[PDB]
């Protein structure tokens, strides 16, 4: 729905105001760091399957009750649906990185996801841990200093981490 430029535009329209020079310059700073952002999308996307696979593997190893008979992630269908849920969250987080705004994550993935898990009996706290594992693996891949023009990506990696945390807080 909104990228970083539209969110400021949407706020200004409710005021009936042109963007201030500070608002325009701030958006210019985002544009200037856009190569880093594109790398973050590319690097997480280019590793999505591995990141999701490692997330369910590490989650189910830390919580074997999830996969034990009767567990919520037991049976092939529910194990696959659990992998799917983490893959969907990661995809919508990459959307939010690309846009510099969380609206697509909030509106399409996270809205009502807590209630959905409750209705199914899926441990929202266990989903949050899986998302935390999605985050750690994705950040280490973004911060990988190999095969890339070295620079400072700490502000972008802080922004990326907040999308994961936001998703985690929405299911817990």
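Residue numbers count along the first chain shown, from 1.
- The stretch 107-115 shows the higher mean C-alpha B-factor when 41-49 is compared against 107-115 in the entry.
- By the numbers in the PDB entry, the CA B factor is greatest at 27 among 61, 139, 128, 27.
- Sorting the modelled residues of the chain by their CA temperature factor places residue 55 in the lowest third.
- The entry lists a Cα temperature factor for residue 4 that places it in the highest third of the chain's modelled residues.
- When the modelled residues of the chain are ordered by C-alpha B-factor, residue 167 sits in the lowest third.
- Ranked by Cα temperature factor within the chain, residue 70 sits in the middle third according to the deposited record.
- Among the modelled residues of its chain, residue 82 has a C-alpha B-factor that falls in the middle third according to the deposited record.
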